[PDB]
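Undergrad: Encoded as structure tokens, here's the structure I'll be asking about.
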Amino acid sequence: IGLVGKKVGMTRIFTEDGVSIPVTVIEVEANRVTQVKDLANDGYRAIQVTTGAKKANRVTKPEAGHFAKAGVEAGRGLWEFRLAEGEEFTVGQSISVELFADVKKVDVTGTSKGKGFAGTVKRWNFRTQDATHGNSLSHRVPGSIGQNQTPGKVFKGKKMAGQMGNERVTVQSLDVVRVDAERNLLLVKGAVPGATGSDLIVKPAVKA
Amino acid sequence: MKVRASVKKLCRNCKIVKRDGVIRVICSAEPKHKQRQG
Amino acid sequence: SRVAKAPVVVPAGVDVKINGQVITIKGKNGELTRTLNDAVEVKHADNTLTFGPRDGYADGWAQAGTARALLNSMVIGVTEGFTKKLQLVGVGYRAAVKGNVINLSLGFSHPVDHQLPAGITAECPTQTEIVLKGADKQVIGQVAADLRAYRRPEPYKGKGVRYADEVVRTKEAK
Amino acid sequence: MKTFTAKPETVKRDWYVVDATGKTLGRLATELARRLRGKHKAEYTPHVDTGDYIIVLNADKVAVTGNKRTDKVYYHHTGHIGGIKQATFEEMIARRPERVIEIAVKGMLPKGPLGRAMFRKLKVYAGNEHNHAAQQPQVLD
RNA sequence: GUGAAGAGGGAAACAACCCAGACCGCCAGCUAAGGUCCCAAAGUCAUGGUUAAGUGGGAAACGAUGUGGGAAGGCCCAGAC
RNA sequence: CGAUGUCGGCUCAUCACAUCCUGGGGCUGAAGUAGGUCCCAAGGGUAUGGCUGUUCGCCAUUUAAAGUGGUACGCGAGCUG
RNA sequence: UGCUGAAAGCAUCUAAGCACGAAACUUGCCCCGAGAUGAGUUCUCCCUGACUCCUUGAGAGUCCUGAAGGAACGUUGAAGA
Ligand SMILES: [K+]
Ligand SMILES: [Mg+2]
Ligand SMILES: [Mg+2]
Ligand SMILES: [Mg+2]
Ligand SMILES: [Mg+2]
Ligand SMILES: [Mg+2]
Ligand SMILES: [Mg+2]
Ligand SMILES: [Mg+2]
Ligand SMILES: [Mg+2]
Ligand SMILES: [Mg+2]
Ligand SMILES: [Mg+2]
Ligand SMILES: [Mg+2]
Ligand SMILES: [Mg+2]
Ligand SMILES: [Mg+2]
Ligand SMILES: [Mg+2]
Ligand SMILES: [Mg+2]
Ligand SMILES: [Mg+2]
Ligand SMILES: [Mg+2]
Ligand SMILES: [Mg+2]
Ligand SMILES: [Mg+2]
Ligand SMILES: [Mg+2]
Ligand SMILES: [Mg+2]
Ligand SMILES: [Mg+2]
Ligand SMILES: [Mg+2]
Ligand SMILES: [Mg+2]
Ligand SMILES: [Mg+2]
Ligand SMILES: [Mg+2]
Ligand SMILES: [Mg+2]
Ligand SMILES: [Mg+2]
Ligand SMILES: [Mg+2]
Ligand SMILES: [Mg+2]
Ligand SMILES: [Mg+2]
Ligand SMILES: [Mg+2]
Ligand SMILES: [Mg+2]
Ligand SMILES: [Mg+2]
Ligand SMILES: [Mg+2]
Ligand SMILES: [Mg+2]
Ligand SMILES: [Mg+2]
Ligand SMILES: [Mg+2]
Ligand SMILES: [Mg+2]
Ligand SMILES: [Mg+2]
Ligand SMILES: [Mg+2]
Ligand SMILES: [Mg+2]
Ligand SMILES: [Mg+2]
Ligand SMILES: [Mg+2]
Ligand SMILES: [Mg+2]
Ligand SMILES: [Mg+2]
Ligand SMILES: [Mg+2]
Ligand SMILES: [Mg+2]
Ligand SMILES: [Mg+2]
Ligand SMILES: [Mg+2]
Ligand SMILES: [Mg+2]
Ligand SMILES: [Mg+2]
Ligand SMILES: [Mg+2]
Ligand SMILES: [Mg+2]
Ligand SMILES: [Mg+2]
Ligand SMILES: [Mg+2]
Ligand SMILES: [Mg+2]
Ligand SMILES: [Mg+2]
Ligand SMILES: [Mg+2]
Ligand SMILES: [Mg+2]
Ligand SMILES: [Mg+2]
Ligand SMILES: [Mg+2]
Ligand SMILES: [Mg+2]
Ligand SMILES: [Mg+2]
Ligand SMILES: [Mg+2]
Ligand SMILES: [Mg+2]
Ligand SMILES: [Mg+2]
Ligand SMILES: [Mg+2]
Ligand SMILES: [Mg+2]
Ligand SMILES: [Mg+2]
Ligand SMILES: [Mg+2]
Ligand SMILES: [Mg+2]
Ligand SMILES: [Mg+2]
Ligand SMILES: [Mg+2]
Ligand SMILES: [Mg+2]
Ligand SMILES: [Mg+2]
Ligand SMILES: [Mg+2]
Ligand SMILES: [Mg+2]
Ligand SMILES: [Mg+2]
Ligand SMILES: [Mg+2]
Ligand SMILES: [Mg+2]
Ligand SMILES: [Mg+2]
Ligand SMILES: [Mg+2]
Ligand SMILES: [Mg+2]
Ligand SMILES: [Mg+2]
Ligand SMILES: [Mg+2]
Ligand SMILES: [Mg+2]
Ligand SMILES: [Mg+2]
Ligand SMILES: [Mg+2]
Ligand SMILES: [Mg+2]
Ligand SMILES: [Mg+2]
Ligand SMILES: [Mg+2]
Ligand SMILES: [Mg+2]
Ligand SMILES: [Mg+2]
Ligand SMILES: [Mg+2]
Ligand SMILES: [Mg+2]
Ligand SMILES: [Mg+2]
Ligand SMILES: [Mg+2]
Ligand SMILES: [Mg+2]
Ligand SMILES: [Mg+2]
Ligand SMILES: [Mg+2]
Ligand SMILES: [Mg+2]
Ligand SMILES: [Mg+2]
Ligand SMILES: [Mg+2]
Ligand SMILES: [Mg+2]
Ligand SMILES: [Mg+2]
Ligand SMILES: [Mg+2]
Ligand SMILES: [Mg+2]
Ligand SMILES: [Mg+2]
Ligand SMILES: [Mg+2]
Ligand SMILES: [Mg+2]
Ligand SMILES: [Mg+2]
Ligand SMILES: [Mg+2]
Ligand SMILES: [Mg+2]
Ligand SMILES: [Mg+2]
Ligand SMILES: [Mg+2]
Ligand SMILES: [Mg+2]
Ligand SMILES: [Mg+2]
Ligand SMILES: [Mg+2]
Ligand SMILES: [Mg+2]
Ligand SMILES: [Mg+2]
Ligand SMILES: [Mg+2]
Ligand SMILES: [Mg+2]
Ligand SMILES: [Mg+2]
Ligand SMILES: [Mg+2]
Ligand SMILES: [Mg+2]
Ligand SMILES: [Mg+2]
Ligand SMILES: [Mg+2]
Ligand SMILES: [Mg+2]
Ligand SMILES: [Mg+2]
Ligand SMILES: [Mg+2]
Ligand SMILES: [Mg+2]
Ligand SMILES: [Mg+2]
Ligand SMILES: [Mg+2]
Ligand SMILES: [Mg+2]
Ligand SMILES: [Mg+2]
Ligand SMILES: [Mg+2]
Ligand SMILES: [Mg+2]
């Protein structure tokens with residue numbers, strides 16, 4: 001199915017033969033089920049979960065009630081996962097990191113680090129025009145953005161300057177290294193999106 | 001096969017057929033005489 | 001026209017039924033069903049079957065003459081049961097049947113397990129020969145055509161899967 | 001002497017059902033578009049939406065002559081750099097059977113606010129069941 | 001001949017093509033070109049055929065047991081193809 | 001003509017298919033390897049240098065390939081000159 | 001490329017019918033996405049006081065109540081012009 005977990009930086013695991021494998025330390029606390037959606041009411045089968053612990057004043061009543069419907073404590077944020085027909089869960093159940101004990105690889109989804117207003121050099125890997133040889137006020141500019149009279153217009157999806165990052169991105173089929181049950185951790189090989197403290201939706205690899 | 005615009009019966013065993021709109025000249029003796037179109 | 005004007009004989013122990021246009025012929029080998037074309041009109045007249053072209057429709061004789069020649073084969077199928085004799089030519093080529101799955105080894109890196117749709121009875125008198133039987137000419141012919149299509153005759157040594165009746169043109173090296 | 005024009009407030013709109021099973025697409029779509037517009041009514045006014053509400057159930061079972069089941073194509077652009085998407089009459093029914101009658105009627109209705117207003121009147125459906133039992137939609141042929 | 005110096009209806013849009021020459025008004029009727037299932041006024045008109053290619057709704061030499069009409073020309077009961 | 005900046009390069013591209021590579025097929029004077037030609041196929045990919053303002057071209061060395069064209073012989077209120 | 005099979009005693013992949021068949025096409029993978037005005041669904045939360053007036057209209061008031069929640073303000077951020 002999948003679990004929600006905060007990103008807690010990166011380390012490396014030295015294997016006894018020698019190889020130092022770079023790992024991202026994902027803390028994955030008891031992900032507790034707030035709601036179970038089904039075909040009769042909703043038209044699809046899914047589960048809504050929660051994690052962490054939000055201060056009671058910060059949780060509003062429309063969500064304070066929503067948690068009382070289930071019986072669980074008010075976790076910070078809510079996320080949904082689609083069920084793969086066979087499995088079925090109940091409201092108030094606590095899903096832990098032990099689900100990834102069996103799996104080998106995982107897709108990790110997160111929110112990428114915000115680079116703000118980025119230019120075409122950084123954003124789209126555009127080439128910087130000649131830094132000298134007569135160049136006038138146009139080193140890092142995009143150059144042309146179209147043709148002439150024929151279109152007489154710029155085409156849609158033209159690669160231009162704009163907001164870069166702060167977008168949800170997915171890294172697929174990262175190899176799981178260690179699944180720590182006692183500290184509630186999930187060590188995955190490589191790097192996953194977002195900064196330390198950003199939330200990560202970790203789930204089993206669709207590309208098997 | 002050939003896709004010439006003027007297919008014709010080359011040898012004796014050549015046979016004209018209209019498959020899916022297109023005229024074809026299928027042959028038993030020589031596969032060289034197999035030809036489409038026209 | 002000419003085929004259409006030649007009644008199909010129906011031997012004893014061959015239950016024929018005409019559900020409007022949907023024909024059902026049951027026999028000893030297998031029960032066969034044929035959804036026939038709307039332009040054809042078919043009836044029972046004495047022992048034999050009759051196939052008439054419908055008035056109003058453009059191409060009748062062509063459609064009916066087909067029904068005739070189909071049901072002719074359909075009656076022979078349920079009575080006798082058709083067979084096809086395939087042979088595998090070339091060293092290292094092997095054919096062995098386990099149940100309803102033909103294990104073809106045809107010089108590949110993986111032994112090819114061909115499945116048999118419908119009532120098709122597969123046999124092997126020798127290790128390099130496949131004799132398969134059944135009710136329909138259609139399914140037999142197709143199965144045979146796939147079993148062939150895995151390795152067609154090489155026009156040099158005649159290597160591959162061949163029909164027994166088929167002649168193959170080989171040529172010299174140049 | 002100031003001839004009659006149908007005043008919206010006074011327009012008494014009616015509900016209908018049409019089973020499109022085995023019907024010719026265009027010949028259905030036409031007779032729909034004539035009704036939706038309110039041509040059949042003797043108080044027809046071109047600037048007022050006088051026509052009737054229609055429910056077209058069993059849209060997927062609509063019939064077409066010749067080889068148009070495969071040959072008839074429905075093109076549309078995505079508004080993108082080189083994005084021209086086509087879908088044949090089969091492929092269209094495989095994904096979205098409502099779109100077939102929709103597009104066949106929309107082309108036959110006028111183009112503009114009232115034309116879009118008289119499209120809304122139409123209610124296409126893939127399944128035989130319709131949830132507009134509340135209006136007592138009478139049978140039309 | 002038309003435009004130039006002529007509006008109006010038709011030919012999708014289209015000075016010169018087809019129809020036709022605006023003195024002004026009317027919420028009258030008959031017709032021209034061109035049209036009459038829907039966009040859009042009027043035939044889902046009548047009868048007899050053709051077309052199966054979506055031809056109609058761009059094109060040649062040449063190619064083809066497509067498919068309709070015809071007018072002829074090669075054989076039978078010694079039974080031809 | 002009361003001004004539509006004309007070659008080449010850079011930057012940025014986009015479409016066509018008459019396909020250079022990669023994918024699927026027919027024939028072959030197709031043993032295999034490698035071709036030859038033809039057919040369908042536009043998803044993606046498609047050199048770096050020397051010389052010259054060059055486009056092109058020749059040459060050196062790579063590459064699976066180093067496609068042919070349209071886009072004001074694309075692109076100067078984007079650069080160069 | 002075939003299978004069965006006429007029209008056309010046969011023959012032939014097709015006219016009924018039936019199987020295969022590619023980086024193309026539709027999905028599958030990632031992202032945005034109910035302003036999808038056709039504005040979908042689920043879930044939770046909150047408001048349960050009176051009087052006038054008239055053309056008794058989806059009306060206009062007059063005090064009284066001000067909720068859920070939001071915005072504003074502050075400290076700010078691996079968010080950001
Ligand atoms: K607030
Ligand atoms: Mg619930
Ligand atoms: Mg759904
Ligand atoms: Mg606290
Ligand atoms: Mg408080
Ligand atoms: Mg808040
Ligand atoms: Mg969310
Ligand atoms: Mg989602
Ligand atoms: Mg996310
Ligand atoms: Mg940031
Ligand atoms: Mg960069
Ligand atoms: Mg980068
Ligand atoms: Mg550079
Ligand atoms: Mg540079
Ligand atoms: Mg300068
Ligand atoms: Mg300067
Ligand atoms: Mg400078
Ligand atoms: Mg300046
Ligand atoms: Mg310019
Ligand atoms: Mg324009
Ligand atoms: Mg891996
Ligand atoms: Mg050609
Ligand atoms: Mg074909
Ligand atoms: Mg594309
Ligand atoms: Mg003059
Ligand atoms: Mg005029
Ligand atoms: Mg005029
Ligand atoms: Mg006009
Ligand atoms: Mg014209
Ligand atoms: Mg003109
Ligand atoms: Mg005009
Ligand atoms: Mg005239
Ligand atoms: Mg006059
Ligand atoms: Mg005059
Ligand atoms: Mg006059
Ligand atoms: Mg007047
Ligand atoms: Mg009169
Ligand atoms: Mg009149
Ligand atoms: Mg006329
Ligand atoms: Mg006409
Ligand atoms: Mg119009
Ligand atoms: Mg109009
Ligand atoms: Mg008009
Ligand atoms: Mg009309
Ligand atoms: Mg009628
Ligand atoms: Mg009639
Ligand atoms: Mg007729
Ligand atoms: Mg014509
Ligand atoms: Mg043409
Ligand atoms: Mg000719
Ligand atoms: Mg000819
Ligand atoms: Mg004829
Ligand atoms: Mg003729
Ligand atoms: Mg005749
Ligand atoms: Mg005559
Ligand atoms: Mg005659
Ligand atoms: Mg000037
Ligand atoms: Mg001037
Ligand atoms: Mg000027
Ligand atoms: Mg100029
Ligand atoms: Mg110049
Ligand atoms: Mg240069
Ligand atoms: Mg250069
Ligand atoms: Mg570029
Ligand atoms: Mg093309
Ligand atoms: Mg060529
Ligand atoms: Mg090459
Ligand atoms: Mg490759
Ligand atoms: Mg291959
Ligand atoms: Mg090839
Ligand atoms: Mg090949
Ligand atoms: Mg080869
Ligand atoms: Mg090799
Ligand atoms: Mg050679
Ligand atoms: Mg080659
Ligand atoms: Mg050629
Ligand atoms: Mg091509
Ligand atoms: Mg293209
Ligand atoms: Mg390309
Ligand atoms: Mg492309
Ligand atoms: Mg494309
Ligand atoms: Mg694709
Ligand atoms: Mg790319
Ligand atoms: Mg390139
Ligand atoms: Mg060079
Ligand atoms: Mg030098
Ligand atoms: Mg070299
Ligand atoms: Mg090489
Ligand atoms: Mg090579
Ligand atoms: Mg080469
Ligand atoms: Mg080329
Ligand atoms: Mg070129
Ligand atoms: Mg152009
Ligand atoms: Mg051009
Ligand atoms: Mg040019
Ligand atoms: Mg030019
Ligand atoms: Mg050019
Ligand atoms: Mg230029
Ligand atoms: Mg160019
Ligand atoms: Mg330029
Ligand atoms: Mg500038
Ligand atoms: Mg200078
Ligand atoms: Mg100079
Ligand atoms: Mg046959
Ligand atoms: Mg004939
Ligand atoms: Mg055959
Ligand atoms: Mg299938
Ligand atoms: Mg298939
Ligand atoms: Mg193939
Ligand atoms: Mg493959
Ligand atoms: Mg594949
Ligand atoms: Mg690939
Ligand atoms: Mg998304
Ligand atoms: Mg959304
Ligand atoms: Mg989403
Ligand atoms: Mg909504
Ligand atoms: Mg929304
Ligand atoms: Mg908008
Ligand atoms: Mg919508
Ligand atoms: Mg609605
Ligand atoms: Mg009250
Ligand atoms: Mg009151
Ligand atoms: Mg008033
Ligand atoms: Mg009110
Ligand atoms: Mg009131
Ligand atoms: Mg009130
Ligand atoms: Mg108060
Ligand atoms: Mg108070
Ligand atoms: Mg207040
Ligand atoms: Mg207050
Ligand atoms: Mg209070
Ligand atoms: Mg408050
Ligand atoms: Mg509050
Ligand atoms: Mg909020
Ligand atoms: Mg706030
Ligand atoms: Mg705001
Ligand atoms: Mg602030
Ligand atoms: Mg600060
Ligand atoms: Mg700051």
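So you can find residues: chains in the structure tokens are A, B, ... in the order shown, residues in each start at 1, and ligands are numbered from 1 in order.
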Report the residues of chain D whose backbone DSSP state falls under alpha helix (DSSP H), written as number ranges by chain.
TA: D: 25-37, 68-71, 89-95, 97-106, 113-120
Undergrad: Quick one: residues within 12 Å of ligand 59, with only C-alpha atoms (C1' of nucleotides) and all ligand atoms, as a list in words?
TA: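 My answer, listing the contacting residues, is residues 1, 2, 3 and 4 of chain F.
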Undergrad: Considering only C-alpha atoms (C1' of nucleotides), extract the chain G residues located within 12 Å of chain A and return them as a PyMOL selection string.
TA: chain G and resi 28-32+40-46+68-70+77-81
Undergrad: Got a sec to pull out which chain D residues are within 12 Å of chain G, counting only C-alpha atoms (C1' of nucleotides), and send them as JSON, numbers by chain?
TA: {"D": [85, 86, 87, 88, 90, 91, 92, 94, 95, 98, 99, 102, 116, 117, 119, 120, 121, 122, 123, 124]}
Undergrad: Taking only C-alpha atoms into account, find every residue of chain B that has an atom no more than 12 Å from chain C, and write it out as a JSON list (two decimals) with C-alpha atoms, in the first residue's frame.
TA:
```
[["chain", "number", "residue", "atom", "x", "y", "z"],
["B", 28, "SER", "CA", 2.71, -20.51, -57.05],
["B", 29, "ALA", "CA", 5.83, -21.16, -59.18],
["B", 30, "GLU", "CA", 8.01, -18.05, -58.68],
["B", 31, "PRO", "CA", 7.71, -15.83, -55.58]]
```
Undergrad: Give the residues of chain E that lie within 7 Å of chain B; count only C-alpha atoms (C1' of nucleotides), and format the answer as a list in words.
TA: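 On the chain E side, the interface is residues 62, 63 and 64 of chain E.
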Undergrad: Work out how far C1' of residue 75 (chain G) is from atom 1 (Mg, counted along the ligand's line) of ligand 6, in Å to one decimal.
TA: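 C1' of residue 75 (chain G) lies at a distance of 16.1 Å from atom 1 (Mg, counted along the ligand's line) of ligand 6.
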Undergrad: Show me which residues are within 10 Å of ligand 61 counting only C-alpha atoms (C1' of nucleotides) and all ligand atoms, and format the list as a list in words.
TA: residues 5, 6 and 7 of chain F
Undergrad: Quick check for you: according to DSSP on this backbone, which residues of region 24-136 of chain C are classed as strand (DSSP E)? Reply as a count of residues only.
TA: 51
Undergrad: What residues in chain G lie within 8 Å of chain C, counting only C-alpha atoms (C1' of nucleotides), written as a PyMOL selection string?
TA: chain G and resi 2-7+9+15-16+18-19
Undergrad: With C-alpha atoms (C1' of nucleotides) retained, export the selected residues as a PDB file, in the first residue's frame.
TA:
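That gives us result13.pdb:
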```pdb
ATOM      1  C1'   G G   2      -2.069 -17.569 -42.090  1.00  0.00           C
ATOM      2  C1'   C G   3      -6.896 -20.844 -41.017  1.00  0.00           C
ATOM      3  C1'   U G   4     -11.638 -22.222 -42.922  1.00  0.00           C
ATOM      4  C1'   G G   5     -14.374 -20.532 -47.356  1.00  0.00           C
ATOM      5  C1'   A G   6     -17.487 -18.885 -51.539  1.00  0.00           C
ATOM      6  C1'   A G   7     -18.780 -15.922 -55.624  1.00  0.00           C
ATOM      7  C1'   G G   9     -17.501 -28.210 -58.757  1.00  0.00           C
ATOM      8  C1'   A G  15     -17.142 -12.137 -50.149  1.00  0.00           C
ATOM      9  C1'   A G  16     -20.058 -14.840 -43.914  1.00  0.00           C
ATOM     10  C1'   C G  18     -11.077 -16.285 -37.678  1.00  0.00           C
ATOM     11  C1'   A G  19      -6.151 -15.824 -35.752  1.00  0.00           C
TER      12        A G  19
END
```
Undergrad: Work out how far apart CA of residue 170 (chain C) and CA of residue 126 (chain C) are and give it in Å to one decimal.
TA: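 Result for CA of residue 170 (chain C) versus CA of residue 126 (chain C): 24.8 Å, one decimal.
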Undergrad: Ligand 23: which residues are within 9 Å, counting only C-alpha atoms (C1' of nucleotides) and all ligand atoms? Reply as a ChimeraX atom specification.
TA: /B:19-20 /G:13
Undergrad: My list of candidates is E:67, E:2, E:55, E:44. Which is closest to chain C when distances are computed with only C-alpha atoms (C1' of nucleotides)?
TA: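 Looking at the shortest contact to chain C, the residue is E:67.
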Undergrad: Which residues are near ligand 65 in this structure, taking near to mean any atom at most 10 Å from a ligand atom and counting only C-alpha atoms (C1' of nucleotides) and all ligand atoms? Format them as a list in words.
TA: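 These are the residues that qualify: residues 16, 17, 18, 40, 41 and 42 of chain F.
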Undergrad: What residues of the protein or nucleic acid chains come within 8 Å of ligand 68 when you use only C-alpha atoms (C1' of nucleotides) and all ligand atoms? Reply as a PDB file with N, CA and C atoms (P, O5', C5', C4', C3', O3' and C1' of nucleotides), in the first residue's frame.
TA:
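Below is the file that was written, result-v7.pdb:
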```pdb
ATOM      1  P     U F  22      20.004   0.148 -37.782  1.00  0.00           P
ATOM      2  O5'   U F  22      19.145   0.114 -36.442  1.00  0.00           O
ATOM      3  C5'   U F  22      19.788   0.057 -35.157  1.00  0.00           C
ATOM      4  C4'   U F  22      18.826   0.449 -34.060  1.00  0.00           C
ATOM      5  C3'   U F  22      17.473  -0.242 -34.057  1.00  0.00           C
ATOM      6  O3'   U F  22      17.537  -1.586 -33.586  1.00  0.00           O
ATOM      7  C1'   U F  22      17.151   2.061 -33.708  1.00  0.00           C
ATOM      8  P     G F  23      16.901  -2.774 -34.459  1.00  0.00           P
ATOM      9  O5'   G F  23      15.335  -2.528 -34.308  1.00  0.00           O
ATOM     10  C5'   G F  23      14.718  -2.472 -33.006  1.00  0.00           C
ATOM     11  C4'   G F  23      13.214  -2.586 -33.112  1.00  0.00           C
ATOM     12  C3'   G F  23      12.673  -3.530 -34.177  1.00  0.00           C
ATOM     13  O3'   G F  23      12.684  -4.893 -33.768  1.00  0.00           O
ATOM     14  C1'   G F  23      11.577  -1.467 -34.376  1.00  0.00           C
ATOM     15  P     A F  64      28.763   2.982 -31.661  1.00  0.00           P
ATOM     16  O5'   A F  64      28.086   2.820 -33.094  1.00  0.00           O
ATOM     17  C5'   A F  64      27.606   1.548 -33.567  1.00  0.00           C
ATOM     18  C4'   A F  64      26.226   1.695 -34.165  1.00  0.00           C
ATOM     19  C3'   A F  64      26.009   2.888 -35.094  1.00  0.00           C
ATOM     20  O3'   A F  64      26.433   2.563 -36.416  1.00  0.00           O
ATOM     21  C1'   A F  64      24.175   2.658 -33.586  1.00  0.00           C
TER      22        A F  64
END
```
Undergrad: Between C1' of residue 25 (chain F) and CA of residue 9 (chain B), what is the spacing in Å?
TA: 24.1 Å
Undergrad: Return the neighbours of chain E among the residues of chain D, cut-off 6 Å, counting only C-alpha atoms (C1' of nucleotides), as a VMD selection string.
TA: chain D and resid 30 108 to 110
Undergrad: Enumerate as a VMD selection string the residues belonging to chain D that approach chain A to within 9 Å, with only C-alpha atoms taken into account.
TA: chain D and resid 79 to 82
Undergrad: Could those residues be written to a file, using N, CA and C atoms, as a PDB file, in the first residue's frame?
TA:
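Full text of again.pdb as output:
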```
ATOM      1  N   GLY D  79      -4.673  22.025 -28.011  1.00  0.00           N
ATOM      2  CA  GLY D  79      -4.106  23.361 -27.872  1.00  0.00           C
ATOM      3  C   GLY D  79      -2.605  23.404 -27.628  1.00  0.00           C
ATOM      4  N   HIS D  80      -1.881  22.345 -28.011  1.00  0.00           N
ATOM      5  CA  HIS D  80      -0.442  22.238 -27.727  1.00  0.00           C
ATOM      6  C   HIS D  80       0.438  22.102 -28.963  1.00  0.00           C
ATOM      7  N   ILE D  81       1.698  22.477 -28.745  1.00  0.00           N
ATOM      8  CA  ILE D  81       2.760  22.658 -29.751  1.00  0.00           C
ATOM      9  C   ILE D  81       2.653  21.861 -31.061  1.00  0.00           C
ATOM     10  N   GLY D  82       2.257  20.593 -30.958  1.00  0.00           N
ATOM     11  CA  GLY D  82       1.922  19.773 -32.121  1.00  0.00           C
ATOM     12  C   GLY D  82       0.985  18.643 -31.740  1.00  0.00           C
TER      13      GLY D  82
END
```
Undergrad: Find the residues of chain G in contact range of chain B, meaning any atom within 10 Å when counting only C-alpha atoms (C1' of nucleotides), and list them as JSON, numbers by chain.
TA: {"G": [11, 12, 13, 14]}
